[PDB]
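Okay, final.pdb now, which holds PDB, C-alpha atoms and all ligand atoms:
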```pdb
ATOM      1  CA  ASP A 220     100.614 150.985 -12.707  1.00  0.00           C
ATOM      2  CA  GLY A 221     101.692 150.065 -16.229  1.00  0.00           C
ATOM      3  CA  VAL A 222     104.464 148.416 -18.200  1.00  0.00           C
ATOM      4  CA  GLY A 223     105.714 151.796 -19.393  1.00  0.00           C
ATOM      5  CA  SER A 224     105.546 153.599 -16.052  1.00  0.00           C
ATOM      6  CA  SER A 225     108.124 153.715 -13.316  1.00  0.00           C
ATOM      7  CA  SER A 226     106.624 152.731  -9.951  1.00  0.00           C
ATOM      8  CA  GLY A 227     109.120 154.628  -7.822  1.00  0.00           C
ATOM      9  CA  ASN A 228     112.087 156.979  -7.837  1.00  0.00           C
ATOM     10  CA  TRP A 229     115.634 156.761  -6.558  1.00  0.00           C
ATOM     11  CA  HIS A 230     115.723 158.082  -3.002  1.00  0.00           C
ATOM     12  CA  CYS A 231     119.218 158.229  -1.565  1.00  0.00           C
ATOM     13  CA  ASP A 232     119.969 160.986   0.861  1.00  0.00           C
ATOM     14  CA  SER A 233     120.395 162.146   4.434  1.00  0.00           C
ATOM     15  CA  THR A 234     118.913 165.135   6.233  1.00  0.00           C
ATOM     16  CA  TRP A 235     119.855 166.410   9.670  1.00  0.00           C
ATOM     17  CA  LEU A 236     117.134 168.284  11.536  1.00  0.00           C
ATOM     18  CA  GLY A 237     118.176 168.753  15.112  1.00  0.00           C
ATOM     19  CA  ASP A 238     117.738 165.849  17.396  1.00  0.00           C
ATOM     20  CA  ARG A 239     116.930 163.723  14.341  1.00  0.00           C
ATOM     21  CA  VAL A 240     118.697 162.486  11.222  1.00  0.00           C
ATOM     22  CA  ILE A 241     116.876 160.714   8.434  1.00  0.00           C
ATOM     23  CA  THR A 242     118.784 158.336   6.205  1.00  0.00           C
ATOM     24  CA  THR A 243     117.480 157.106   2.895  1.00  0.00           C
ATOM     25  CA  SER A 244     119.099 154.610   0.595  1.00  0.00           C
ATOM     26  CA  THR A 245     118.089 152.870  -2.604  1.00  0.00           C
ATOM     27  CA  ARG A 246     119.851 149.954  -4.300  1.00  0.00           C
ATOM     28  CA  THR A 247     119.331 147.791  -7.375  1.00  0.00           C
ATOM     29  CA  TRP A 248     118.904 144.083  -6.632  1.00  0.00           C
ATOM     30  CA  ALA A 249     118.783 140.777  -8.476  1.00  0.00           C
ATOM     31  CA  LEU A 250     116.882 137.653  -7.421  1.00  0.00           C
ATOM     32  CA  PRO A 251     117.491 134.242  -9.004  1.00  0.00           C
ATOM     33  CA  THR A 252     115.348 131.158  -8.674  1.00  0.00           C
ATOM     34  CA  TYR A 253     116.504 129.387  -5.510  1.00  0.00           C
ATOM     35  CA  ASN A 254     116.401 125.645  -4.834  1.00  0.00           C
ATOM     36  CA  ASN A 255     114.806 125.058  -8.240  1.00  0.00           C
ATOM     37  CA  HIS A 256     111.556 126.411  -6.731  1.00  0.00           C
ATOM     38  CA  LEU A 257     111.791 123.705  -4.053  1.00  0.00           C
ATOM     39  CA  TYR A 258     111.980 123.312  -0.324  1.00  0.00           C
ATOM     40  CA  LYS A 259     114.741 120.964   0.729  1.00  0.00           C
ATOM     41  CA  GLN A 260     115.513 119.205   3.974  1.00  0.00           C
ATOM     42  CA  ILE A 261     119.168 119.923   4.754  1.00  0.00           C
ATOM     43  CA  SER A 262     121.140 118.195   7.453  1.00  0.00           C
ATOM     44  CA  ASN A 263     124.674 117.637   8.747  1.00  0.00           C
ATOM     45  CA  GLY A 264     125.504 114.860  11.165  1.00  0.00           C
ATOM     46  CA  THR A 265     128.557 113.369  12.806  1.00  0.00           C
ATOM     47  CA  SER A 266     129.649 111.126   9.908  1.00  0.00           C
ATOM     48  CA  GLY A 267     132.820 111.631   7.895  1.00  0.00           C
ATOM     49  CA  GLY A 268     134.863 114.168   9.827  1.00  0.00           C
ATOM     50  CA  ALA A 269     131.968 116.477  10.802  1.00  0.00           C
ATOM     51  CA  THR A 270     132.198 117.095  14.568  1.00  0.00           C
ATOM     52  CA  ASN A 271     129.197 116.972  16.906  1.00  0.00           C
ATOM     53  CA  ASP A 272     129.539 120.671  17.720  1.00  0.00           C
ATOM     54  CA  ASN A 273     128.431 121.393  14.141  1.00  0.00           C
ATOM     55  CA  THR A 274     125.458 119.088  13.628  1.00  0.00           C
ATOM     56  CA  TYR A 275     122.158 120.540  12.421  1.00  0.00           C
ATOM     57  CA  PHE A 276     118.768 119.964  10.829  1.00  0.00           C
ATOM     58  CA  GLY A 277     116.714 122.467   8.872  1.00  0.00           C
ATOM     59  CA  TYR A 278     115.421 123.510   5.487  1.00  0.00           C
ATOM     60  CA  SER A 279     116.444 125.613   2.544  1.00  0.00           C
ATOM     61  CA  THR A 280     113.579 127.483   0.851  1.00  0.00           C
ATOM     62  CA  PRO A 281     112.878 128.866  -2.638  1.00  0.00           C
ATOM     63  CA  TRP A 282     112.621 132.327  -1.056  1.00  0.00           C
ATOM     64  CA  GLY A 283     114.996 135.246  -0.790  1.00  0.00           C
ATOM     65  CA  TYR A 284     114.913 138.038   1.791  1.00  0.00           C
ATOM     66  CA  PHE A 285     115.886 141.672   2.232  1.00  0.00           C
ATOM     67  CA  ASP A 286     118.385 142.637   4.875  1.00  0.00           C
ATOM     68  CA  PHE A 287     119.692 146.078   5.795  1.00  0.00           C
ATOM     69  CA  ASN A 288     120.901 145.247   9.383  1.00  0.00           C
ATOM     70  CA  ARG A 289     124.262 146.892   8.905  1.00  0.00           C
ATOM     71  CA  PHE A 290     124.872 150.568   9.580  1.00  0.00           C
ATOM     72  CA  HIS A 291     126.622 151.260   6.271  1.00  0.00           C
ATOM     73  CA  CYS A 292     123.356 150.344   4.549  1.00  0.00           C
ATOM     74  CA  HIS A 293     122.129 153.715   5.779  1.00  0.00           C
ATOM     75  CA  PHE A 294     125.037 155.968   6.687  1.00  0.00           C
ATOM     76  CA  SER A 295     127.669 157.100   4.226  1.00  0.00           C
ATOM     77  CA  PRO A 296     131.179 157.351   5.684  1.00  0.00           C
ATOM     78  CA  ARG A 297     130.868 161.124   6.006  1.00  0.00           C
ATOM     79  CA  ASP A 298     127.456 160.833   7.657  1.00  0.00           C
ATOM     80  CA  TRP A 299     128.810 158.281  10.099  1.00  0.00           C
ATOM     81  CA  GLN A 300     131.534 160.790  10.900  1.00  0.00           C
ATOM     82  CA  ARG A 301     128.964 163.568  11.429  1.00  0.00           C
ATOM     83  CA  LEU A 302     127.137 161.245  13.814  1.00  0.00           C
ATOM     84  CA  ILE A 303     130.026 159.960  15.950  1.00  0.00           C
ATOM     85  CA  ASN A 304     131.938 163.226  16.232  1.00  0.00           C
ATOM     86  CA  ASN A 305     129.022 165.199  17.638  1.00  0.00           C
ATOM     87  CA  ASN A 306     126.566 163.023  19.507  1.00  0.00           C
ATOM     88  CA  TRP A 307     126.693 161.204  22.809  1.00  0.00           C
ATOM     89  CA  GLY A 308     124.120 158.793  21.453  1.00  0.00           C
ATOM     90  CA  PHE A 309     121.503 157.843  18.887  1.00  0.00           C
ATOM     91  CA  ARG A 310     118.824 155.248  18.176  1.00  0.00           C
ATOM     92  CA  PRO A 311     116.361 154.053  15.507  1.00  0.00           C
ATOM     93  CA  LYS A 312     112.815 155.473  15.631  1.00  0.00           C
ATOM     94  CA  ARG A 313     110.891 154.395  12.528  1.00  0.00           C
ATOM     95  CA  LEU A 314     111.371 153.204   8.942  1.00  0.00           C
ATOM     96  CA  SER A 315     109.748 152.984   5.512  1.00  0.00           C
ATOM     97  CA  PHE A 316     110.540 150.230   3.062  1.00  0.00           C
ATOM     98  CA  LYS A 317     109.737 150.064  -0.632  1.00  0.00           C
ATOM     99  CA  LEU A 318     110.114 147.668  -3.594  1.00  0.00           C
ATOM    100  CA  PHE A 319     109.573 149.060  -7.079  1.00  0.00           C
ATOM    101  CA  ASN A 320     110.540 149.164 -10.769  1.00  0.00           C
ATOM    102  CA  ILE A 321     110.290 145.418 -10.780  1.00  0.00           C
ATOM    103  CA  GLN A 322     111.206 143.496 -13.906  1.00  0.00           C
ATOM    104  CA  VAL A 323     111.059 139.762 -14.462  1.00  0.00           C
TER     105      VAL A 323
ATOM    106  CA  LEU B 636     145.320 190.908   6.330  1.00  0.00           C
ATOM    107  CA  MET B 637     146.119 189.461   9.762  1.00  0.00           C
ATOM    108  CA  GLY B 638     142.845 187.603   9.369  1.00  0.00           C
ATOM    109  CA  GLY B 639     139.253 188.179  10.420  1.00  0.00           C
ATOM    110  CA  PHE B 640     136.286 190.404   9.634  1.00  0.00           C
ATOM    111  CA  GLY B 641     136.695 193.938   8.334  1.00  0.00           C
ATOM    112  CA  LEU B 642     134.077 196.276   9.785  1.00  0.00           C
ATOM    113  CA  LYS B 643     133.269 199.919   9.037  1.00  0.00           C
ATOM    114  CA  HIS B 644     131.659 200.180  12.480  1.00  0.00           C
ATOM    115  CA  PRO B 645     133.490 197.626  14.658  1.00  0.00           C
ATOM    116  CA  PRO B 646     132.826 197.025  18.343  1.00  0.00           C
ATOM    117  CA  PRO B 647     133.549 200.367  20.051  1.00  0.00           C
ATOM    118  CA  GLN B 648     136.660 200.953  22.104  1.00  0.00           C
ATOM    119  CA  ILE B 649     135.878 200.640  25.804  1.00  0.00           C
ATOM    120  CA  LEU B 650     137.986 203.049  27.841  1.00  0.00           C
ATOM    121  CA  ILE B 651     138.392 202.793  31.599  1.00  0.00           C
ATOM    122  CA  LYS B 652     140.293 204.784  34.214  1.00  0.00           C
ATOM    123  CA  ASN B 653     140.570 205.169  37.974  1.00  0.00           C
ATOM    124  CA  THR B 654     139.544 208.684  38.953  1.00  0.00           C
ATOM    125  CA  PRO B 655     142.427 210.597  40.561  1.00  0.00           C
ATOM    126  CA  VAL B 656     141.976 211.154  44.291  1.00  0.00           C
ATOM    127  CA  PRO B 657     144.000 214.052  45.692  1.00  0.00           C
ATOM    128  CA  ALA B 658     146.138 213.458  48.720  1.00  0.00           C
ATOM    129  CA  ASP B 659     145.796 216.338  51.180  1.00  0.00           C
ATOM    130  CA  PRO B 660     146.383 219.680  49.400  1.00  0.00           C
ATOM    131  CA  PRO B 661     148.243 222.664  50.803  1.00  0.00           C
ATOM    132  CA  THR B 662     146.504 224.866  53.340  1.00  0.00           C
ATOM    133  CA  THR B 663     146.952 228.071  51.400  1.00  0.00           C
ATOM    134  CA  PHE B 664     145.899 228.432  47.781  1.00  0.00           C
ATOM    135  CA  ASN B 665     148.172 227.656  44.875  1.00  0.00           C
ATOM    136  CA  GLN B 666     147.592 227.829  41.110  1.00  0.00           C
ATOM    137  CA  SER B 667     149.483 224.616  40.268  1.00  0.00           C
ATOM    138  CA  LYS B 668     147.578 221.472  39.385  1.00  0.00           C
ATOM    139  CA  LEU B 669     147.712 218.939  42.201  1.00  0.00           C
ATOM    140  CA  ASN B 670     150.394 216.304  41.653  1.00  0.00           C
ATOM    141  CA  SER B 671     150.088 214.445  44.946  1.00  0.00           C
ATOM    142  CA  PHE B 672     147.522 211.634  44.844  1.00  0.00           C
ATOM    143  CA  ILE B 673     146.379 208.749  47.003  1.00  0.00           C
ATOM    144  CA  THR B 674     147.818 205.503  45.674  1.00  0.00           C
ATOM    145  CA  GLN B 675     145.114 203.204  44.390  1.00  0.00           C
ATOM    146  CA  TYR B 676     143.992 200.666  41.826  1.00  0.00           C
ATOM    147  CA  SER B 677     140.770 198.917  40.909  1.00  0.00           C
ATOM    148  CA  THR B 678     139.521 195.435  40.170  1.00  0.00           C
ATOM    149  CA  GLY B 679     136.250 193.797  39.177  1.00  0.00           C
ATOM    150  CA  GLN B 680     134.737 191.459  36.619  1.00  0.00           C
ATOM    151  CA  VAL B 681     133.925 191.947  32.954  1.00  0.00           C
ATOM    152  CA  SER B 682     131.517 189.964  30.750  1.00  0.00           C
ATOM    153  CA  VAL B 683     131.271 189.675  27.003  1.00  0.00           C
ATOM    154  CA  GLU B 684     128.544 187.762  25.254  1.00  0.00           C
ATOM    155  CA  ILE B 685     128.589 187.308  21.515  1.00  0.00           C
ATOM    156  CA  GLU B 686     126.037 185.673  19.273  1.00  0.00           C
ATOM    157  CA  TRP B 687     127.439 183.971  16.189  1.00  0.00           C
ATOM    158  CA  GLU B 688     125.550 182.807  13.121  1.00  0.00           C
ATOM    159  CA  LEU B 689     126.627 179.458  11.714  1.00  0.00           C
ATOM    160  CA  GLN B 690     126.549 178.357   8.098  1.00  0.00           C
ATOM    161  CA  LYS B 691     125.920 174.638   8.251  1.00  0.00           C
ATOM    162  CA  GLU B 692     127.756 172.204   6.007  1.00  0.00           C
ATOM    163  CA  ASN B 693     125.735 170.688   3.139  1.00  0.00           C
ATOM    164  CA  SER B 694     128.266 168.300   1.531  1.00  0.00           C
ATOM    165  CA  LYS B 695     127.592 165.192  -0.560  1.00  0.00           C
ATOM    166  CA  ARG B 696     131.201 164.052  -0.152  1.00  0.00           C
ATOM    167  CA  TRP B 697     130.979 160.293   0.382  1.00  0.00           C
ATOM    168  CA  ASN B 698     134.234 159.661   2.233  1.00  0.00           C
ATOM    169  CA  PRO B 699     135.009 161.037   5.734  1.00  0.00           C
ATOM    170  CA  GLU B 700     136.459 164.521   6.156  1.00  0.00           C
ATOM    171  CA  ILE B 701     139.569 165.725   7.905  1.00  0.00           C
ATOM    172  CA  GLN B 702     138.809 166.808  11.484  1.00  0.00           C
ATOM    173  CA  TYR B 703     140.717 168.499  14.267  1.00  0.00           C
ATOM    174  CA  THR B 704     141.262 165.863  16.948  1.00  0.00           C
ATOM    175  CA  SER B 705     142.954 165.478  20.322  1.00  0.00           C
ATOM    176  CA  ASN B 706     145.963 163.147  20.364  1.00  0.00           C
ATOM    177  CA  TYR B 707     145.161 159.540  21.240  1.00  0.00           C
ATOM    178  CA  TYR B 708     148.222 158.192  23.024  1.00  0.00           C
ATOM    179  CA  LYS B 709     149.551 158.941  26.488  1.00  0.00           C
ATOM    180  CA  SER B 710     151.162 162.251  27.284  1.00  0.00           C
ATOM    181  CA  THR B 711     152.782 164.053  30.219  1.00  0.00           C
ATOM    182  CA  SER B 712     149.983 166.597  30.351  1.00  0.00           C
ATOM    183  CA  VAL B 713     146.677 167.373  28.669  1.00  0.00           C
ATOM    184  CA  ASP B 714     146.693 169.667  25.627  1.00  0.00           C
ATOM    185  CA  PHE B 715     144.884 172.941  26.407  1.00  0.00           C
ATOM    186  CA  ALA B 716     144.913 172.513  30.175  1.00  0.00           C
ATOM    187  CA  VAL B 717     147.002 173.644  33.111  1.00  0.00           C
ATOM    188  CA  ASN B 718     150.419 172.802  34.484  1.00  0.00           C
ATOM    189  CA  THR B 719     151.431 171.189  37.685  1.00  0.00           C
ATOM    190  CA  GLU B 720     152.159 174.850  38.347  1.00  0.00           C
ATOM    191  CA  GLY B 721     148.693 176.032  37.345  1.00  0.00           C
ATOM    192  CA  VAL B 722     149.793 177.572  34.050  1.00  0.00           C
ATOM    193  CA  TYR B 723     147.384 177.284  31.144  1.00  0.00           C
ATOM    194  CA  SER B 724     148.871 176.834  27.680  1.00  0.00           C
ATOM    195  CA  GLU B 725     147.843 176.527  24.035  1.00  0.00           C
ATOM    196  CA  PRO B 726     150.113 173.783  22.576  1.00  0.00           C
ATOM    197  CA  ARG B 727     149.352 174.641  18.965  1.00  0.00           C
ATOM    198  CA  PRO B 728     147.586 177.084  16.659  1.00  0.00           C
ATOM    199  CA  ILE B 729     144.169 175.798  15.619  1.00  0.00           C
ATOM    200  CA  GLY B 730     142.842 176.917  12.303  1.00  0.00           C
ATOM    201  CA  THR B 731     139.368 176.706  10.934  1.00  0.00           C
ATOM    202  CA  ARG B 732     139.563 174.820   7.633  1.00  0.00           C
ATOM    203  CA  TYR B 733     138.831 171.130   8.102  1.00  0.00           C
ATOM    204  CA  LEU B 734     135.623 170.454   6.192  1.00  0.00           C
ATOM    205  CA  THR B 735     135.901 170.669   2.423  1.00  0.00           C
ATOM    206  CA  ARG B 736     133.924 172.308  -0.317  1.00  0.00           C
ATOM    207  CA  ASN B 737     133.986 172.132  -4.128  1.00  0.00           C
ATOM    208  CA  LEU B 738     134.926 175.210  -6.103  1.00  0.00           C
TER     209      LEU B 738
HETATM  210 NA    NA A 801     143.978 168.763  21.672  1.00  0.00          NA
END
```
As structure tokens:
Amino acid sequence: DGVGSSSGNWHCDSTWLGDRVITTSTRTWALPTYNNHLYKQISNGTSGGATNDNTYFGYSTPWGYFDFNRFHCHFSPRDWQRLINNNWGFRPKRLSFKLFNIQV
Amino acid sequence: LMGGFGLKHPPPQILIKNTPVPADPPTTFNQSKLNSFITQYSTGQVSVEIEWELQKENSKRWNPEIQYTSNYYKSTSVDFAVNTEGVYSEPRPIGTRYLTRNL
């Protein structure tokens, strides 16, 4: 693990094996500093014109998060077509996640 | 040229015939070949099983491909099905070239 060594490769692919299909996707991301490194109480009441149906209390944090809860994060259009045109069903079994080639 | 696979040793021709069954012959000998036969025909079932090898598609094309599909909207009858009269019909010719491949 050094400054001059990559800590991972680009894995983007799909393989169909029978009653299984494995999707793999890699992306490049960017993360800024959020909230000026702070935690902040955020709220919205019924003042001004804000209706009661929209009130809330919570917090914003200095953290970011990864999300891939969207099918196109894993299936290319063609793969999605291969899936829906030939199978009565499908479901997730297991996953691997990786963060690498980090640069600050 | 009409399409298909050219074979030096194609599936063999399968010939079939009902054996002639003489109707009564004369009572005194005669040289002539019989020409009077019992009227008959045959019927039965026939089975053909063929094993085909498939060459799976290995494309990295990102966007969806063209695909043969049934029509979506309502219709008087179902394509590739029978009539109210029990007649089966093939509404259109269906080719084989939907997926794509680079040169
Ligand atoms: Na059809």
Set the cut-off to 7 Å and count all atoms listed in the file: what are the residues of chain A that reach chain B? Output as a compact mmCIF listing (two decimals) with C-alpha atoms, keeping the file's coordinate frame.
```txt
# COMPACT_ATOMS: atom_id res chain seq x y z
CA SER A 295 127.67 157.10 4.23
CA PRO A 296 131.18 157.35 5.68
CA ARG A 297 130.87 161.12 6.01
CA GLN A 300 131.53 160.79 10.90
```
Could the residues that lie within 8 Å of ligand NA 801 (chain A), counting only C-alpha atoms and all ligand atoms, be listed as a VMD selection string? chain B and resid 704 to 706 713 to 715 726
C-alpha atoms of the current selection, written as a PDB file, in the frame of the given file:
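Final file, result07.pdb:
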```pdb
ATOM      1  CA  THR B 704     141.262 165.863  16.948  1.00  0.00           C
ATOM      2  CA  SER B 705     142.954 165.478  20.322  1.00  0.00           C
ATOM      3  CA  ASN B 706     145.963 163.147  20.364  1.00  0.00           C
ATOM      4  CA  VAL B 713     146.677 167.373  28.669  1.00  0.00           C
ATOM      5  CA  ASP B 714     146.693 169.667  25.627  1.00  0.00           C
ATOM      6  CA  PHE B 715     144.884 172.941  26.407  1.00  0.00           C
ATOM      7  CA  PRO B 726     150.113 173.783  22.576  1.00  0.00           C
TER       8      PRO B 726
END
```
Provide an axis-aligned box for all listed atoms of region 714-731 of chain B, padding each side by 6 Å; report its centre and its edge lengths in Å to one decimal, as JSON.
```
{"center_x": 145.8, "center_y": 173.6, "center_z": 24.6, "size_x": 24.8, "size_y": 19.9, "size_z": 39.4}
```
Would you pick out the contacts of residue 245 (chain A) at 7 Å or less, using only C-alpha atoms, so that residues sharing its chain but fewer than 5 positions from it are not included, and give the list as a count of residues only? 3
The distance between CA of residue 253 (chain A) and CA of residue 321 (chain A) is 18.0 Å
Please write as a PDB file with C-alpha atoms, in the coordinates of the input the list of polymer residues whose atoms come within 12 Å of (120.6, 142.9, -4.0), counting only C-alpha atoms and keeping to the coordinates of the file.
```pdb
ATOM      1  CA  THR A 245     118.089 152.870  -2.604  1.00  0.00           C
ATOM      2  CA  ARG A 246     119.851 149.954  -4.300  1.00  0.00           C
ATOM      3  CA  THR A 247     119.331 147.791  -7.375  1.00  0.00           C
ATOM      4  CA  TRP A 248     118.904 144.083  -6.632  1.00  0.00           C
ATOM      5  CA  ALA A 249     118.783 140.777  -8.476  1.00  0.00           C
ATOM      6  CA  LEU A 250     116.882 137.653  -7.421  1.00  0.00           C
ATOM      7  CA  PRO A 251     117.491 134.242  -9.004  1.00  0.00           C
ATOM      8  CA  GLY A 283     114.996 135.246  -0.790  1.00  0.00           C
ATOM      9  CA  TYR A 284     114.913 138.038   1.791  1.00  0.00           C
ATOM     10  CA  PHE A 285     115.886 141.672   2.232  1.00  0.00           C
ATOM     11  CA  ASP A 286     118.385 142.637   4.875  1.00  0.00           C
ATOM     12  CA  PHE A 287     119.692 146.078   5.795  1.00  0.00           C
ATOM     13  CA  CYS A 292     123.356 150.344   4.549  1.00  0.00           C
ATOM     14  CA  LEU A 318     110.114 147.668  -3.594  1.00  0.00           C
TER      15      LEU A 318
END
```
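Distance-wise, CA of residue 298 (chain A) and CA of residue 233 (chain A) end up 7.9 Å apart.
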